[PDB]
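Novice: Structure incoming, see below.
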Amino acid sequence: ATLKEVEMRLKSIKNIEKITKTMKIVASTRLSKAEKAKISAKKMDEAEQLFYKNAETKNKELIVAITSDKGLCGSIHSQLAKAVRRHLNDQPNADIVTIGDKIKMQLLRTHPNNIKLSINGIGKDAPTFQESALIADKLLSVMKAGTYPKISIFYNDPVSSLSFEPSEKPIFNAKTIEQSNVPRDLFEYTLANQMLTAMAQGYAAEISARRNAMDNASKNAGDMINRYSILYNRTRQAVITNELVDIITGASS
Amino acid sequence: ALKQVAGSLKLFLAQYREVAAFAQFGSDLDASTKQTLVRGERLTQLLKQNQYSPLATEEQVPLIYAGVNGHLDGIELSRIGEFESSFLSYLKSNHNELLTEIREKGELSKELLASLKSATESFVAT
Amino acid sequence: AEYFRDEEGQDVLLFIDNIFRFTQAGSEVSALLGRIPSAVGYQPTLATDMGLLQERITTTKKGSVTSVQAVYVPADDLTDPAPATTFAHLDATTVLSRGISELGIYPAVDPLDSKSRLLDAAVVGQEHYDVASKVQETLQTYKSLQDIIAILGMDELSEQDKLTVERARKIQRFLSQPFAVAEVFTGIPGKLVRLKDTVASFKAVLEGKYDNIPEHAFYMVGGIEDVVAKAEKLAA
Amino acid sequence: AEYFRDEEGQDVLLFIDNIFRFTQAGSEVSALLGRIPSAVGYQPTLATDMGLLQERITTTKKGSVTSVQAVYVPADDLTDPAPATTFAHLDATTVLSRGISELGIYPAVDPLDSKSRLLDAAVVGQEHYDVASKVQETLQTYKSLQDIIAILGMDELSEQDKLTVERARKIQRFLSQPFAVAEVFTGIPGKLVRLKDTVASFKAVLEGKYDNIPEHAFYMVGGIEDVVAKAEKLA
């Protein structure tokens, strides 16, 4: 612990504090955009859950997991990973589709074989019906969505400004819509709508979680800055005293 | 005369110093921060000065007036240096009365200040 | 001790608490003897006084002397001339640290500054050497990450880093042990753990057999059997 | 050197290594003579000893004595009294940096800490001065952004920032050069680049005429012609 070592470390941590505070404010600004997109998708989802409240539809299996590709979220990815893992362990026959590189990674390492398809890069901006519709088309054509008796999707629900809940939502198959070709296309449409709503909610939750994570990081950086400021003062005084002792010893002979 | 115009330059540069960290996150800027950055960048660019090139007070006053009052916002940053030397050369040929009055009296009277504004806008239009 | 070594021909134990006071005492008189002060005021003769006292404490062909020396460290500064000079004279060193003590991990021995020339695969055996080396690797990996864990927290680590940090925390707490002589003020009964049991326990911990046990169960227990028993109590 | 200057009228080159040894020997002799040691043990007379040595080395009206002086920097600390005292006497400083060398960018001059009295538009012309100033601005902006890139990478940066960082990296690697003396440390044939070609090349890189070139084409090459040739060779 030389004076230069402490100085370098202190300045580095001060830089980190600035970076984390800036990210916290930027996420706070982005959060309102995410929230209004969330509301817009929420009402469109309510419009169909109103119908299902009357139709009362009810259910191998297919599971879609939705997250972004990038970290610093504070367990946004791992909680949903745990939810999907503990769901899958009861029925490992189910195939799964991973949206988001993080959830892809955290499922691949523990349940490698049943990952049918991975969708990447779509968690950056607020989700669009374009992305949801194209993903639904790929899921139907390539992943053969229509062949499964059960389909459900997993996401992070923005419960509160400080917390989120891993939640599952069922996409009832055309066979389940037909009784409890209009039912087929209604399946496709509700598939796209539910996936869009899940992406929007997960995006809002992720932005809020990243905001809170950077807030915690800024608190911790400030505490470290206090500690190393104290250490710097101690080392400064020690250096002055030791060099002065050397000078005095040289003088006193 | 310089105190009158430079009073707010300090405030704007302080705000810019506080907001500077956001430039690397331009993808989502609060409009306040965006405008603050746009103004502070041009003020900082305006304060650059070549060696052995001291400016008279009546040559500093128009430049800082234009910078503070935001007339530079419509000018590309890379050519702020072209603006200043041009603007002065305009004044000393089209509004030399204002420069002479600022030099002689040392104050920006309200009518003189309005004339300075009019001259600044008359130049920035071209 | 030398009379017991050389004349009685016996094996000997020679405890010295605290040998640093031998050096410090000399400094106290050095200024009065008229010598020019050395670094941080120590006597010029520090190295040779230490040598004359110290490598006189040695095993010889006449007899065996085991010597245990407590060395005080002023202001916790291990770079101070006296501890630094004493380090060169020892076959085995254990470095108690305040940083470990503040965690409540007694005996507070620093597992990455304790050192011994007998920790050699030809002496301890390959299994013991492997276990000790992997324990130190895990603890060093955990120590390196403490900046990230402090600022960003556990969440941003990779899953392998999370597993390694979990095992490192459990190993830290498992290295703690209650001494009988401390029972007076700790209130925890003393435990003694055999060498084979220690190696087996840490081998089992590194193999992940007890990844499910909460780390709290590892604190202040004499061996893995007591870890299991304390985990059972924590479950009830 | 002084005899060649004053009594023959020659222009003279006085290569010196190592000036730090002059300072250190002055410190040793001072300590032995019993003078009270100064900060970090240097002799009290450090500044005047250095002055007496240095400002004998000067261009009088009889002739010019150019001097190149290698200065060891203990513990890489440019704030040490010896380098700190030496700096004041020099017209051009070429500060070698361990950090630049660990990037592999030899000859590893620090592009920002190195400074010259003659880097003035009245001396080298406005084009050369402009190119040098823009290179400094680009490298300093890249250095400032590195603090953030170390955490968030280049993905978060604005497109202007991405472009300037990439051009900064190209420029930073383009400053490297294969010396002939280094043919024991490298197999690369050494090359010598003219000043005019250097200005033209760095102007071309700054303007983005070679944005389409991969970074590695700028490493240990000569002028921009070698950049083009190596880029084609890689492709």
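Chain lettering (A, B, ...) mirrors the order of the structure tokens, residue numbering begins at 1 for each chain separately, and ligand numbering begins at 1 in order of display.
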Show me which bits of chain A are within 9 Å of chain D, counting only C-alpha atoms, as a ChimeraX atom specification.
Specialist: /A:12,15-16,19,243-244,246-248,250-253
Novice: Write the residues of the selection above to a file with N, CA, C and O atoms, as an mmCIF file, in the first residue's frame.
Specialist:
data_model
loop_
_atom_site.group_PDB
_atom_site.id
_atom_site.type_symbol
_atom_site.label_atom_id
_atom_site.label_comp_id
_atom_site.auth_asym_id
_atom_site.auth_seq_id
_atom_site.Cartn_x
_atom_site.Cartn_y
_atom_site.Cartn_z
ATOM 1 N N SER A 12 -9.763 5.400 -9.324
ATOM 2 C CA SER A 12 -10.518 4.418 -10.094
ATOM 3 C C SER A 12 -11.913 4.220 -9.512
ATOM 4 O O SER A 12 -12.908 4.169 -10.247
ATOM 5 N N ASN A 15 -14.125 7.116 -10.318
ATOM 6 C CA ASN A 15 -14.613 6.997 -11.688
ATOM 7 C C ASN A 15 -15.779 6.019 -11.760
ATOM 8 O O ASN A 15 -16.801 6.294 -12.403
ATOM 9 N N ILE A 16 -15.640 4.866 -11.101
ATOM 10 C CA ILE A 16 -16.713 3.874 -11.107
ATOM 11 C C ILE A 16 -17.984 4.463 -10.513
ATOM 12 O O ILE A 16 -19.091 4.214 -11.005
ATOM 13 N N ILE A 19 -19.658 6.571 -13.094
ATOM 14 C CA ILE A 19 -20.271 5.765 -14.149
ATOM 15 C C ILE A 19 -21.589 5.174 -13.665
ATOM 16 O O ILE A 19 -22.603 5.198 -14.375
ATOM 17 N N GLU A 243 9.623 10.194 5.856
ATOM 18 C CA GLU A 243 10.636 10.942 5.117
ATOM 19 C C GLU A 243 11.277 12.005 6.000
ATOM 20 O O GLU A 243 12.494 12.239 5.924
ATOM 21 N N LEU A 244 10.485 12.648 6.859
ATOM 22 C CA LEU A 244 11.053 13.642 7.758
ATOM 23 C C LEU A 244 12.005 12.999 8.758
ATOM 24 O O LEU A 244 13.033 13.587 9.108
ATOM 25 N N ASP A 246 13.832 10.390 8.134
ATOM 26 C CA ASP A 246 15.062 10.135 7.389
ATOM 27 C C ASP A 246 15.907 11.400 7.299
ATOM 28 O O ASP A 246 17.127 11.370 7.511
ATOM 29 N N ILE A 247 15.266 12.530 6.998
ATOM 30 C CA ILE A 247 16.001 13.789 6.888
ATOM 31 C C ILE A 247 16.637 14.151 8.226
ATOM 32 O O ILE A 247 17.796 14.578 8.289
ATOM 33 N N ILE A 248 15.882 14.000 9.316
ATOM 34 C CA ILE A 248 16.407 14.349 10.632
ATOM 35 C C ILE A 248 17.595 13.465 10.979
ATOM 36 O O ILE A 248 18.596 13.934 11.531
ATOM 37 N N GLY A 250 19.655 12.061 8.883
ATOM 38 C CA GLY A 250 20.778 12.543 8.097
ATOM 39 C C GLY A 250 21.375 13.822 8.648
ATOM 40 O O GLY A 250 22.582 14.050 8.529
ATOM 41 N N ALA A 251 20.545 14.674 9.250
ATOM 42 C CA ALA A 251 21.023 15.954 9.762
ATOM 43 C C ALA A 251 21.727 15.829 11.107
ATOM 44 O O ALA A 251 22.658 16.593 11.386
ATOM 45 N N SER A 252 21.304 14.890 11.953
ATOM 46 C CA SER A 252 21.710 14.895 13.354
ATOM 47 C C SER A 252 23.090 14.298 13.598
ATOM 48 O O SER A 252 23.627 14.468 14.698
ATOM 49 N N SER A 253 23.674 13.608 12.625
ATOM 50 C CA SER A 253 24.977 12.985 12.827
ATOM 51 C C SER A 253 26.043 14.039 13.112
ATOM 52 O O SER A 253 25.988 15.154 12.595
#
Novice: As a ChimeraX atom specification, list the residues of stretch 5-178 of chain D assigned to alpha helix (DSSP H) by DSSP on the backbone atoms of this structure.
Specialist: /D:5-8,19-33,46-54,81-87,98-102,121-124,126-152,159-174
Novice: For chain A against chain B, with a cut-off of 7 Å and counting only C-alpha atoms, what is the closest atom pair and its distance in Å to one decimal for every residue that makes the cut, ordered by chain and number, as JSON lines?
Specialist:
{"residue": "A:22", "atom": "CA", "partner": "B:22", "partner_atom": "CA", "distance": 6.6}
{"residue": "A:26", "atom": "CA", "partner": "B:28", "partner_atom": "CA", "distance": 6.7}
{"residue": "A:30", "atom": "CA", "partner": "B:28", "partner_atom": "CA", "distance": 6.8}
Novice: For those residues, write N, CA, C and O atoms to a file as an mmCIF file, in the first residue's frame.
Specialist:
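Resulting contents of again-v8.cif:
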data_model
loop_
_atom_site.group_PDB
_atom_site.id
_atom_site.type_symbol
_atom_site.label_atom_id
_atom_site.label_comp_id
_atom_site.auth_asym_id
_atom_site.auth_seq_id
_atom_site.Cartn_x
_atom_site.Cartn_y
_atom_site.Cartn_z
ATOM 1 N N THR A 22 -24.340 7.805 -13.366
ATOM 2 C CA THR A 22 -24.825 8.186 -14.688
ATOM 3 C C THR A 22 -25.755 7.119 -15.252
ATOM 4 O O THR A 22 -26.814 7.433 -15.810
ATOM 5 N N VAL A 26 -29.690 7.470 -16.362
ATOM 6 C CA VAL A 26 -30.104 7.134 -17.722
ATOM 7 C C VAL A 26 -31.208 6.081 -17.701
ATOM 8 O O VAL A 26 -32.187 6.167 -18.455
ATOM 9 N N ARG A 30 -35.037 6.192 -19.198
ATOM 10 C CA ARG A 30 -35.560 5.178 -20.114
ATOM 11 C C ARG A 30 -36.780 4.460 -19.539
ATOM 12 O O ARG A 30 -37.601 3.911 -20.299
#
Novice: Can you list, as a PyMOL selection string, all residues belonging to stretch 44-98 of chain D that DSSP tags as strand (DSSP E or B)?
Specialist: chain D and resi 60+63+65-70+92-93+96
Novice: Could you name the residues that touch stretch 35-40 of chain C at 8 Å or less, counting only C-alpha atoms, but leaving out those on the same chain fewer than 3 positions away, as an mmCIF file with N, CA and C atoms, in the first residue's frame?
Specialist:
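Below you can see out-v8.cif, which holds the result:
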data_model
loop_
_atom_site.group_PDB
_atom_site.id
_atom_site.type_symbol
_atom_site.label_atom_id
_atom_site.label_comp_id
_atom_site.auth_asym_id
_atom_site.auth_seq_id
_atom_site.Cartn_x
_atom_site.Cartn_y
_atom_site.Cartn_z
ATOM 1 N N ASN A 242 7.752 9.524 7.902
ATOM 2 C CA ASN A 242 8.923 8.688 7.656
ATOM 3 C C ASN A 242 10.004 9.442 6.891
ATOM 4 N N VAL A 245 11.676 11.797 9.238
ATOM 5 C CA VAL A 245 12.593 11.080 10.120
ATOM 6 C C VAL A 245 13.899 10.784 9.406
ATOM 7 N N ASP A 246 13.832 10.390 8.134
ATOM 8 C CA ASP A 246 15.062 10.135 7.389
ATOM 9 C C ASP A 246 15.907 11.400 7.299
ATOM 10 N N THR A 249 17.502 12.169 10.672
ATOM 11 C CA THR A 249 18.619 11.270 10.943
ATOM 12 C C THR A 249 19.848 11.680 10.146
ATOM 13 N N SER A 253 23.674 13.608 12.625
ATOM 14 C CA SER A 253 24.977 12.985 12.827
ATOM 15 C C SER A 253 26.043 14.039 13.112
ATOM 16 N N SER C 30 19.287 1.294 22.364
ATOM 17 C CA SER C 30 20.259 1.603 21.322
ATOM 18 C C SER C 30 20.591 3.087 21.304
ATOM 19 N N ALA C 31 19.572 3.944 21.361
ATOM 20 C CA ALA C 31 19.828 5.378 21.329
ATOM 21 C C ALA C 31 20.714 5.809 22.487
ATOM 22 N N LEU C 32 20.595 5.145 23.638
ATOM 23 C CA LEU C 32 21.431 5.501 24.778
ATOM 24 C C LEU C 32 22.858 5.001 24.607
ATOM 25 N N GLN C 43 17.749 -0.310 15.995
ATOM 26 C CA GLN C 43 19.190 -0.334 16.159
ATOM 27 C C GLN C 43 19.861 -0.823 14.877
ATOM 28 N N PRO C 44 21.068 -0.336 14.577
ATOM 29 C CA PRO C 44 21.784 -0.869 13.412
ATOM 30 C C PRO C 44 22.040 -2.361 13.499
ATOM 31 N N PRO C 81 10.698 -3.671 10.071
ATOM 32 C CA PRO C 81 11.989 -4.370 9.988
ATOM 33 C C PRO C 81 12.090 -5.621 10.844
#
Novice: Residues near stretch 150-152 of chain A, anyone? I mean within 9 Å using only C-alpha atoms, not counting same-chain ones fewer than 6 positions away, as a list in words.
Specialist: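 So the residues in contact are residues 59, 60, 61, 62, 63, 64, 65, 168, 169, 170, 171, 172 and 173 of chain A.
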Novice: If you keep N, CA and C atoms, can you produce a file of those selected residues as a PDB file, in the first residue's frame?
Specialist:
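Here's the written file selection21.pdb:
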ATOM      1  N   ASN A  59     -56.322 -25.799 -20.705  1.00  0.00           N
ATOM      2  CA  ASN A  59     -55.536 -26.891 -21.259  1.00  0.00           C
ATOM      3  C   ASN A  59     -56.147 -28.234 -20.878  1.00  0.00           C
ATOM      4  N   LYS A  60     -46.208 -33.790 -24.459  1.00  0.00           N
ATOM      5  CA  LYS A  60     -45.138 -32.828 -24.705  1.00  0.00           C
ATOM      6  C   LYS A  60     -45.636 -31.412 -24.442  1.00  0.00           C
ATOM      7  N   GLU A  61     -44.705 -30.484 -24.230  1.00  0.00           N
ATOM      8  CA  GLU A  61     -45.059 -29.110 -23.910  1.00  0.00           C
ATOM      9  C   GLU A  61     -43.972 -28.181 -24.435  1.00  0.00           C
ATOM     10  N   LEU A  62     -44.364 -26.937 -24.704  1.00  0.00           N
ATOM     11  CA  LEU A  62     -43.460 -25.903 -25.195  1.00  0.00           C
ATOM     12  C   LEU A  62     -43.468 -24.728 -24.226  1.00  0.00           C
ATOM     13  N   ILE A  63     -42.279 -24.248 -23.862  1.00  0.00           N
ATOM     14  CA  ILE A  63     -42.120 -23.118 -22.953  1.00  0.00           C
ATOM     15  C   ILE A  63     -41.233 -22.073 -23.618  1.00  0.00           C
ATOM     16  N   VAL A  64     -41.683 -20.820 -23.603  1.00  0.00           N
ATOM     17  CA  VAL A  64     -40.911 -19.690 -24.111  1.00  0.00           C
ATOM     18  C   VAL A  64     -40.458 -18.842 -22.930  1.00  0.00           C
ATOM     19  N   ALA A  65     -39.155 -18.577 -22.855  1.00  0.00           N
ATOM     20  CA  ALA A  65     -38.568 -17.747 -21.810  1.00  0.00           C
ATOM     21  C   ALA A  65     -38.070 -16.448 -22.429  1.00  0.00           C
ATOM     22  N   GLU A 168     -45.768 -16.994 -15.334  1.00  0.00           N
ATOM     23  CA  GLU A 168     -46.081 -17.826 -16.488  1.00  0.00           C
ATOM     24  C   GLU A 168     -47.484 -17.515 -16.992  1.00  0.00           C
ATOM     25  N   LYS A 169     -47.647 -17.522 -18.316  1.00  0.00           N
ATOM     26  CA  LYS A 169     -48.922 -17.225 -18.951  1.00  0.00           C
ATOM     27  C   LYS A 169     -49.192 -18.268 -20.031  1.00  0.00           C
ATOM     28  N   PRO A 170     -50.385 -18.909 -20.043  1.00  0.00           N
ATOM     29  CA  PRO A 170     -50.639 -19.976 -21.026  1.00  0.00           C
ATOM     30  C   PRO A 170     -51.107 -19.476 -22.385  1.00  0.00           C
ATOM     31  N   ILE A 171     -50.579 -20.065 -23.456  1.00  0.00           N
ATOM     32  CA  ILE A 171     -51.043 -19.798 -24.814  1.00  0.00           C
ATOM     33  C   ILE A 171     -51.843 -21.020 -25.255  1.00  0.00           C
ATOM     34  N   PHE A 172     -53.161 -20.960 -25.071  1.00  0.00           N
ATOM     35  CA  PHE A 172     -54.014 -22.116 -25.324  1.00  0.00           C
ATOM     36  C   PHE A 172     -54.038 -22.447 -26.811  1.00  0.00           C
ATOM     37  N   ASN A 173     -53.848 -23.726 -27.134  1.00  0.00           N
ATOM     38  CA  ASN A 173     -53.737 -24.141 -28.523  1.00  0.00           C
ATOM     39  C   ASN A 173     -55.089 -24.054 -29.232  1.00  0.00           C
TER      40      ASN A 173
END
Novice: What are the residues of chain C that have an atom within 6 Å of an atom of chain A, counting only C-alpha atoms, as a list in words?
Specialist: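 Here is what falls inside 6 Å: residues 151, 152 and 155 of chain C.
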Novice: Could you save those same residues with C-alpha atoms as a short mmCIF file (atom, residue, chain, number, x, y, z; two decimals), in the first residue's frame?
Specialist:
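Resulting contents of part.cif:
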data_model
loop_
_atom_site.label_atom_id
_atom_site.label_comp_id
_atom_site.auth_asym_id
_atom_site.auth_seq_id
_atom_site.Cartn_x
_atom_site.Cartn_y
_atom_site.Cartn_z
CA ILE C 151 -19.76 -2.98 -5.48
CA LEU C 152 -21.92 -5.02 -7.85
CA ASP C 155 -25.67 -11.37 -8.88
#
Novice: For a test of reading the model, state the distance in Å between atom CA of residue B:42 and atom CA of residue A:24, rounded to one decimal.
Specialist: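 Atom CA of residue B:42 sits 26.9 Å away from atom CA of residue A:24.
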Novice: To one decimal in Å, tell me the separation between atom CA of residue D:128 and atom CA of residue D:199.
Specialist: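 Atom CA of residue D:199 lies 5.9 Å from atom CA of residue D:128.
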Novice: At a cut-off of 9 Å, which residues of chain D touch chain B? Count only C-alpha atoms and give the answer as a ChimeraX atom specification.
Specialist: /D:145,148,156-158,161
Novice: What is the atom CA of residue C:70 to atom CA of residue C:18 distance in Å?
Specialist: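 So the answer is 4.9 Å.
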Novice: Taking 3 positions as the minimum chain separation for residues in the same chain, which residues sit within 10 Å of residue D:205 when counting only C-alpha atoms? Answer as a ChimeraX atom specification.
Specialist: /D:131,135,167-168,170-171,174,199-202,208-211,213,224
Novice: Could you dump the residues just selected with N, CA, C and O atoms as a short mmCIF file (atom, residue, chain, number, x, y, z; two decimals), in the first residue's frame?
Specialist:
data_model
loop_
_atom_site.label_atom_id
_atom_site.label_comp_id
_atom_site.auth_asym_id
_atom_site.auth_seq_id
_atom_site.Cartn_x
_atom_site.Cartn_y
_atom_site.Cartn_z
N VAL D 131 -2.58 18.47 -38.16
CA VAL D 131 -2.59 17.01 -38.08
C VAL D 131 -2.17 16.55 -36.69
O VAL D 131 -2.81 15.68 -36.09
N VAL D 135 -4.53 14.56 -34.02
CA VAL D 135 -4.11 13.26 -33.50
C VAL D 135 -4.16 13.27 -31.98
O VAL D 135 -4.63 12.31 -31.34
N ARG D 167 -10.98 5.14 -35.17
CA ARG D 167 -9.90 5.89 -35.80
C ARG D 167 -8.76 6.13 -34.83
O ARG D 167 -7.59 6.13 -35.22
N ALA D 168 -9.07 6.33 -33.55
CA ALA D 168 -8.02 6.49 -32.55
C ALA D 168 -7.19 5.23 -32.42
O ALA D 168 -5.97 5.30 -32.29
N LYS D 170 -6.74 2.93 -34.78
CA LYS D 170 -5.93 2.85 -35.99
C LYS D 170 -4.73 3.77 -35.91
O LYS D 170 -3.61 3.39 -36.25
N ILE D 171 -4.95 5.01 -35.46
CA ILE D 171 -3.86 5.98 -35.35
C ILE D 171 -2.83 5.50 -34.33
O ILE D 171 -1.62 5.56 -34.56
N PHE D 174 -0.82 2.95 -35.81
CA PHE D 174 -0.04 3.49 -36.91
C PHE D 174 1.22 4.21 -36.45
O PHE D 174 2.16 4.36 -37.24
N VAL D 199 3.04 13.33 -42.21
CA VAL D 199 1.92 14.27 -42.12
C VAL D 199 0.83 13.87 -43.10
O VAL D 199 -0.36 13.85 -42.75
N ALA D 200 1.20 13.53 -44.33
CA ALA D 200 0.20 13.15 -45.32
C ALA D 200 -0.56 11.90 -44.87
O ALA D 200 -1.79 11.84 -44.98
N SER D 201 0.16 10.91 -44.34
CA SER D 201 -0.48 9.67 -43.92
C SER D 201 -1.45 9.91 -42.78
O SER D 201 -2.60 9.44 -42.81
N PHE D 202 -1.01 10.63 -41.74
CA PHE D 202 -1.90 10.86 -40.61
C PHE D 202 -3.08 11.75 -40.99
O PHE D 202 -4.17 11.58 -40.44
N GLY D 208 -10.49 9.81 -42.57
CA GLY D 208 -11.29 8.62 -42.77
C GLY D 208 -11.18 7.99 -44.14
O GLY D 208 -12.00 7.12 -44.46
N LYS D 209 -10.21 8.39 -44.95
CA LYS D 209 -10.03 7.76 -46.26
C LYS D 209 -9.68 6.29 -46.14
O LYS D 209 -9.81 5.55 -47.13
N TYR D 210 -9.24 5.84 -44.97
CA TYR D 210 -8.89 4.44 -44.72
C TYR D 210 -9.71 3.85 -43.58
O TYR D 210 -9.24 2.96 -42.86
N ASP D 211 -10.95 4.32 -43.42
CA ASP D 211 -11.86 3.70 -42.47
C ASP D 211 -12.13 2.24 -42.82
O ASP D 211 -12.42 1.43 -41.93
N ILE D 213 -10.07 0.01 -43.68
CA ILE D 213 -8.89 -0.82 -43.48
C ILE D 213 -8.94 -1.45 -42.09
O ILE D 213 -9.27 -0.76 -41.11
N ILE D 224 1.70 5.28 -45.16
CA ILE D 224 0.36 4.81 -45.50
C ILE D 224 0.40 3.84 -46.68
O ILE D 224 -0.47 2.98 -46.82
#
Novice: So that I can see what lies close to residue A:198, please list as a list in words the residues with an atom at most 9 Å from it, counting only C-alpha atoms and leaving out residues fewer than 4 positions away in the same chain.
Specialist: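 Non-adjacent residues within range: residues 41, 66, 153, 154, 155, 156, 157, 169, 193, 194, 202 and 203 of chain A.
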Novice: Which residues come within 12 Å of residue C:121, counting only C-alpha atoms, excluding same-chain residues fewer than 6 positions away, as a VMD selection string?
Specialist: chain C and resid 127 to 133
